[PDB]
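Undergrad: Hey, dropping query.pdb in here, PDB, C-alpha atoms:
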```pdb
ATOM      1  CA  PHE A 476     -14.106   6.189  21.063
ATOM      2  CA  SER A 477     -13.329   9.399  19.191
ATOM      3  CA  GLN A 478     -14.402  10.203  15.652
ATOM      4  CA  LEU A 479     -10.695  10.418  14.759
ATOM      5  CA  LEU A 480     -10.379   6.665  15.356
ATOM      6  CA  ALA A 481     -13.147   5.886  12.865
ATOM      7  CA  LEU A 482     -11.749   8.197  10.175
ATOM      8  CA  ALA A 483      -8.111   7.239  10.766
ATOM      9  CA  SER A 484      -9.119   3.564  10.710
ATOM     10  CA  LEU A 485     -11.150   4.057   7.524
ATOM     11  CA  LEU A 486      -8.230   5.994   6.045
ATOM     12  CA  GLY A 487      -5.744   3.255   6.894
ATOM     13  CA  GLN A 488      -8.098   0.681   5.394
ATOM     14  CA  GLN A 489      -8.612   2.729   2.207
ATOM     15  CA  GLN A 490      -4.909   3.459   1.791
ATOM     16  CA  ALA A 491      -4.300  -0.290   2.078
ATOM     17  CA  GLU A 492      -6.529  -0.869  -0.951
ATOM     18  CA  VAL A 493      -5.096   2.088  -2.883
ATOM     19  CA  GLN A 494      -1.589   0.706  -2.371
ATOM     20  CA  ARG A 495      -2.958  -2.740  -3.253
ATOM     21  CA  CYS A 496      -4.287  -1.681  -6.661
ATOM     22  CA  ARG A 497      -1.200   0.497  -7.261
ATOM     23  CA  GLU A 498       1.112  -2.530  -7.054
ATOM     24  CA  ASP A 499      -1.163  -4.711  -9.127
ATOM     25  CA  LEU A 500      -1.282  -1.919 -11.722
ATOM     26  CA  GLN A 501       2.506  -1.525 -11.756
ATOM     27  CA  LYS A 502       2.644  -5.253 -12.504
ATOM     28  CA  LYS A 503       0.208  -4.949 -15.417
ATOM     29  CA  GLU A 504       2.034  -1.888 -16.775
ATOM     30  CA  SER A 505       5.376  -3.689 -16.523
ATOM     31  CA  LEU A 506       4.087  -6.616 -18.612
ATOM     32  CA  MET A 507       2.713  -4.186 -21.200
ATOM     33  CA  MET A 508       6.130  -2.655 -21.851
ATOM     34  CA  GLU A 509       7.692  -6.124 -22.001
ATOM     35  CA  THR A 510       5.343  -6.962 -24.877
ATOM     36  CA  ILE A 511       6.060  -3.611 -26.536
ATOM     37  CA  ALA A 512       9.795  -4.288 -26.238
ATOM     38  CA  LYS A 513       9.346  -7.670 -27.936
ATOM     39  CA  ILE A 514       7.385  -6.044 -30.775
ATOM     40  CA  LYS A 515      10.112  -3.453 -31.381
ATOM     41  CA  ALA A 516      12.862  -6.085 -31.273
ATOM     42  CA  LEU A 517      10.935  -8.127 -33.855
ATOM     43  CA  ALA A 518      10.616  -5.295 -36.385
ATOM     44  CA  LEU A 519      14.342  -4.611 -35.955
ATOM     45  CA  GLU A 520      15.316  -8.267 -36.391
ATOM     46  CA  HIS A 521      13.093  -8.292 -39.504
ATOM     47  CA  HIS A 522      14.451  -5.226 -41.323
ATOM     48  CA  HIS A 523      17.944  -6.547 -40.587
ATOM     49  CA  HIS A 524      16.808  -9.860 -42.155
TER
ATOM     50  CA  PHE B 476      16.174   2.085 -45.365
ATOM     51  CA  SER B 477      12.922   0.240 -44.704
ATOM     52  CA  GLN B 478       9.786   1.757 -43.228
ATOM     53  CA  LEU B 479      10.160  -0.709 -40.336
ATOM     54  CA  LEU B 480      13.313   1.131 -39.234
ATOM     55  CA  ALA B 481      11.472   4.452 -39.001
ATOM     56  CA  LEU B 482       8.527   2.995 -37.069
ATOM     57  CA  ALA B 483      10.660   0.770 -34.832
ATOM     58  CA  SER B 484      12.952   3.736 -34.147
ATOM     59  CA  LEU B 485       9.979   6.003 -33.412
ATOM     60  CA  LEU B 486       8.519   3.261 -31.218
ATOM     61  CA  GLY B 487      11.748   2.847 -29.267
ATOM     62  CA  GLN B 488      11.941   6.614 -28.827
ATOM     63  CA  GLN B 489       8.304   6.855 -27.672
ATOM     64  CA  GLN B 490       8.610   3.913 -25.293
ATOM     65  CA  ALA B 491      11.651   5.650 -23.792
ATOM     66  CA  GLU B 492       9.484   8.652 -22.915
ATOM     67  CA  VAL B 493       6.569   6.513 -21.710
ATOM     68  CA  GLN B 494       8.916   4.666 -19.354
ATOM     69  CA  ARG B 495      10.415   8.041 -18.408
ATOM     70  CA  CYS B 496       7.103   9.542 -17.274
ATOM     71  CA  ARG B 497       6.077   6.226 -15.664
ATOM     72  CA  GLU B 498       9.053   6.336 -13.280
ATOM     73  CA  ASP B 499       8.625  10.008 -12.533
ATOM     74  CA  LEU B 500       4.949   9.310 -11.796
ATOM     75  CA  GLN B 501       5.764   6.377  -9.508
ATOM     76  CA  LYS B 502       7.993   8.799  -7.600
ATOM     77  CA  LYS B 503       5.209  11.375  -7.244
ATOM     78  CA  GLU B 504       2.699   8.691  -6.221
ATOM     79  CA  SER B 505       5.132   7.306  -3.644
ATOM     80  CA  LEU B 506       5.517  10.732  -1.997
ATOM     81  CA  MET B 507       1.734  11.147  -1.936
ATOM     82  CA  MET B 508       1.235   8.006   0.145
ATOM     83  CA  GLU B 509       4.079   9.045   2.453
ATOM     84  CA  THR B 510       2.160  12.237   3.238
ATOM     85  CA  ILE B 511      -1.075  10.275   3.664
ATOM     86  CA  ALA B 512       0.699   7.913   6.065
ATOM     87  CA  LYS B 513       1.906  10.877   8.134
ATOM     88  CA  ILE B 514      -1.635  12.287   8.277
ATOM     89  CA  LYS B 515      -3.066   8.981   9.517
ATOM     90  CA  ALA B 516      -0.306   8.573  12.109
ATOM     91  CA  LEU B 517      -1.054  12.091  13.381
ATOM     92  CA  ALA B 518      -4.777  11.488  13.931
ATOM     93  CA  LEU B 519      -3.893   8.261  15.760
ATOM     94  CA  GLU B 520      -1.270   9.933  17.958
ATOM     95  CA  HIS B 521      -3.884  12.626  18.701
ATOM     96  CA  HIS B 522      -6.828  10.435  19.743
ATOM     97  CA  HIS B 523      -4.386   8.482  21.915
ATOM     98  CA  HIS B 524      -3.349  11.850  23.434
TER
ATOM     99  CA  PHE C 476       5.331 -12.019 -38.994
ATOM    100  CA  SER C 477       3.471 -14.813 -37.219
ATOM    101  CA  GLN C 478       4.661 -13.655 -33.765
ATOM    102  CA  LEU C 479       4.352  -9.908 -34.150
ATOM    103  CA  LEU C 480       0.642  -9.948 -35.012
ATOM    104  CA  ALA C 481       0.120 -12.248 -32.020
ATOM    105  CA  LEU C 482       1.923  -9.908 -29.616
ATOM    106  CA  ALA C 483      -0.145  -7.096 -31.132
ATOM    107  CA  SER C 484      -3.372  -8.847 -30.114
ATOM    108  CA  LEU C 485      -1.968  -9.602 -26.655
ATOM    109  CA  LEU C 486      -0.849  -5.979 -26.309
ATOM    110  CA  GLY C 487      -4.408  -4.778 -26.872
ATOM    111  CA  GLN C 488      -5.803  -6.947 -24.082
ATOM    112  CA  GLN C 489      -3.115  -5.869 -21.574
ATOM    113  CA  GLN C 490      -3.680  -2.197 -22.389
ATOM    114  CA  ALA C 491      -7.385  -2.713 -21.684
ATOM    115  CA  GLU C 492      -6.590  -4.544 -18.439
ATOM    116  CA  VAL C 493      -4.245  -1.683 -17.540
ATOM    117  CA  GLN C 494      -6.837   0.953 -18.439
ATOM    118  CA  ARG C 495      -9.427  -0.897 -16.355
ATOM    119  CA  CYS C 496      -7.153  -1.146 -13.311
ATOM    120  CA  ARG C 497      -6.129   2.485 -13.827
ATOM    121  CA  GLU C 498      -9.813   3.417 -13.655
ATOM    122  CA  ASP C 499     -10.390   1.458 -10.436
ATOM    123  CA  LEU C 500      -7.338   3.040  -8.786
ATOM    124  CA  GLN C 501      -8.850   6.471  -9.469
ATOM    125  CA  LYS C 502     -12.120   5.562  -7.746
ATOM    126  CA  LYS C 503     -10.221   4.261  -4.707
ATOM    127  CA  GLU C 504      -8.010   7.352  -4.455
ATOM    128  CA  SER C 505     -11.131   9.523  -4.656
ATOM    129  CA  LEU C 506     -12.639   7.579  -1.748
ATOM    130  CA  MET C 507      -9.412   7.952   0.243
ATOM    131  CA  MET C 508      -9.308  11.727  -0.254
ATOM    132  CA  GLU C 509     -12.895  12.077   0.994
ATOM    133  CA  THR C 510     -11.888  10.492   4.304
ATOM    134  CA  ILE C 511      -8.950  12.912   4.426
ATOM    135  CA  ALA C 512     -11.374  15.795   3.886
ATOM    136  CA  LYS C 513     -13.438  14.585   6.848
ATOM    137  CA  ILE C 514     -10.180  14.494   8.822
ATOM    138  CA  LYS C 515      -9.194  17.988   7.664
ATOM    139  CA  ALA C 516     -12.624  19.403   8.515
ATOM    140  CA  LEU C 517     -12.285  17.947  12.012
ATOM    141  CA  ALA C 518      -8.808  19.425  12.463
ATOM    142  CA  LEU C 519     -10.121  22.860  11.463
ATOM    143  CA  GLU C 520     -12.291  22.851  14.617
ATOM    144  CA  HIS C 521      -9.481  23.069  17.180
TER
ATOM    145  CA  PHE D 476      -3.188  20.251  14.729
ATOM    146  CA  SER D 477      -0.614  22.651  13.304
ATOM    147  CA  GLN D 478       1.101  19.890  11.273
ATOM    148  CA  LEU D 479      -1.911  17.976  10.031
ATOM    149  CA  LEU D 480      -3.523  20.952   8.285
ATOM    150  CA  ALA D 481      -0.137  21.671   6.697
ATOM    151  CA  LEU D 482       0.249  18.124   5.365
ATOM    152  CA  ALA D 483      -3.332  18.428   4.114
ATOM    153  CA  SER D 484      -2.387  21.439   1.978
ATOM    154  CA  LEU D 485       0.760  19.682   0.749
ATOM    155  CA  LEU D 486      -1.278  16.566  -0.048
ATOM    156  CA  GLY D 487      -3.543  18.578  -2.338
ATOM    157  CA  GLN D 488      -0.635  19.913  -4.387
ATOM    158  CA  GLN D 489       0.979  16.462  -4.787
ATOM    159  CA  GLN D 490      -2.328  14.926  -5.869
ATOM    160  CA  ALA D 491      -2.605  17.639  -8.525
ATOM    161  CA  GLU D 492       0.997  17.044  -9.616
ATOM    162  CA  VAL D 493       0.215  13.320  -9.749
ATOM    163  CA  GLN D 494      -3.003  13.890 -11.697
ATOM    164  CA  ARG D 495      -1.123  16.132 -14.129
ATOM    165  CA  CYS D 496       1.656  13.592 -14.696
ATOM    166  CA  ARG D 497      -0.962  10.842 -14.962
ATOM    167  CA  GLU D 498      -2.606  12.848 -17.744
ATOM    168  CA  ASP D 499       0.665  13.321 -19.643
ATOM    169  CA  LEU D 500       1.482   9.604 -19.397
ATOM    170  CA  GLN D 501      -1.848   8.845 -21.087
ATOM    171  CA  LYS D 502      -1.071  11.129 -24.032
ATOM    172  CA  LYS D 503       2.347   9.497 -24.465
ATOM    173  CA  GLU D 504       0.952   5.956 -24.318
ATOM    174  CA  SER D 505      -1.648   6.941 -26.920
ATOM    175  CA  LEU D 506       1.141   8.178 -29.200
ATOM    176  CA  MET D 507       3.090   4.950 -28.655
ATOM    177  CA  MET D 508       0.108   2.762 -29.568
ATOM    178  CA  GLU D 509      -0.408   4.676 -32.827
ATOM    179  CA  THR D 510       3.121   3.759 -33.914
ATOM    180  CA  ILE D 511       2.337   0.151 -32.981
ATOM    181  CA  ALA D 512      -0.781   0.325 -35.156
ATOM    182  CA  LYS D 513       1.354   1.496 -38.083
ATOM    183  CA  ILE D 514       3.633  -1.468 -37.345
ATOM    184  CA  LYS D 515       0.693  -3.884 -37.144
ATOM    185  CA  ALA D 516      -0.791  -2.589 -40.402
ATOM    186  CA  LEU D 517       2.568  -3.173 -42.087
ATOM    187  CA  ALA D 518       2.825  -6.710 -40.709
ATOM    188  CA  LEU D 519      -0.651  -7.503 -42.055
ATOM    189  CA  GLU D 520       0.716  -7.051 -45.603
ATOM    190  CA  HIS D 521       3.016 -10.088 -45.663
TER
END
```
Go ahead and render the structure in this file as C-alpha cells.

TA:
Amino acid sequence: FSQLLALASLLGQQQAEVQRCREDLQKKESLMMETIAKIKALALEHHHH
Amino acid sequence: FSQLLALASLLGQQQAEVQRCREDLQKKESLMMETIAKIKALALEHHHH
Amino acid sequence: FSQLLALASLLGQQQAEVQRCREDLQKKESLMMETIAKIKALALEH
Amino acid sequence: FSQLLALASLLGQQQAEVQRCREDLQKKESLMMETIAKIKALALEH
C-alpha cells in the first residue's frame, strides 16, 4: 500500500532492534559495576586487615 | 591511613557519579523511544485513515 | 590479592564487551533516525 | 501531520540530550578506570 506502511514498518522493526541492544547493554553495564563494587570492597577489607 | 583508602574512597565516589549519570541517561533514552513510538503510531493511524 | 587482580582482568573484558555493544547500539540508532527522516520528509509534503 | 512534525523536532532535541549525556558518561567511566588502574598497580606489588 502506501509508502508510510513501508517506513513505519521498517521503523517498528528498527526500534525493536534498538530496544533489543539497549537491554542487552544495560545487562552488560550492570555486571560491570558489580565487578567494580567487588574490587572496591576488597581494597577496603584489605586496608582494614 | 593507607593509600588503598584514598583510591578505594575515590573509586567509590567516582562509581557513585558513573551510576548517577547512567540512571539519568536511561531516563533520557526511555523518553526518546516513547517519542519514536508515538511517531510510528501516527504514521500507522494515518495510512489507515 | 589473588582475587582483586582476577576481577581486574575480568573487568577489562566486560568493559570491552560493553564498549563493543555501545558501538553497535549507535549504528542501530543511526539507522532508525534515517527512517524517521524519510518519514519526516514525507510529512512535510502535506 | 501537525503532531508528527512536532514530535520530529522534539525527537531531535532528546537525541542530542542523550548524545550529550552519553558523552559525559564516557568521560566519567574513563576516570573511574584510571583509579582502578592505580588500585591494580598497587595490588601487583604484593

Undergrad: Could you please determine the separation between CA of residue 515 in chain C and CA of residue 509 in chain B in Å, to one decimal place?

TA: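 Separation of CA of residue 515 in chain C and CA of residue 509 in chain B: 16.8 Å.
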
Undergrad: Might you spell out which residues the ChimeraX specification (/D :<7) & /C would select in the displayed file, as a list in words?

TA: residues 476, 480, 483, 515 and 518 of chain C

Undergrad: Quick check, in Å to one decimal: how far apart do CA of residue 506 in chain A and CA of residue 505 in chain D lie?

TA: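 Computing it gives 16.9 Å between the two atoms.
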
Undergrad: To verify the selection step, state as a PDB file with C-alpha atoms, in the frame of the given file which residues the ChimeraX specification (/D :<9) & /A yields on this input.

TA:
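Writing the result to part.pdb gives the following:
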```
ATOM      1  CA  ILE A 511       6.060  -3.611 -26.536  1.00  0.00           C
ATOM      2  CA  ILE A 514       7.385  -6.044 -30.775  1.00  0.00           C
ATOM      3  CA  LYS A 515      10.112  -3.453 -31.381  1.00  0.00           C
ATOM      4  CA  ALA A 518      10.616  -5.295 -36.385  1.00  0.00           C
TER       5      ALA A 518
END
```

Undergrad: Please evaluate the ChimeraX specification (/B :<7) & /A against the displayed coordinates and give the resulting residues as a list in words.

TA: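 Applying the expression gives residues 477, 479, 480, 483, 486, 487, 515, 518, 519 and 522 of chain A.
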
Undergrad: Rounded to one decimal, what separation in Å do you get between CA of residue 492 in chain A and CA of residue 491 in chain D?

TA: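 So the answer is 20.4 Å.
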
Undergrad: Grab all the atoms of range 488-503 of chain C that the file lists, wrap them in a box along x, y and z, add 4 Å per side, and give me centre plus edge lengths in Å (one decimal) as lines of an AutoDock Vina configuration file.

TA:
```
center_x = -7.6
center_y = -0.2
center_z = -14.4
size_x = 17.0
size_y = 21.4
size_z = 27.4
```
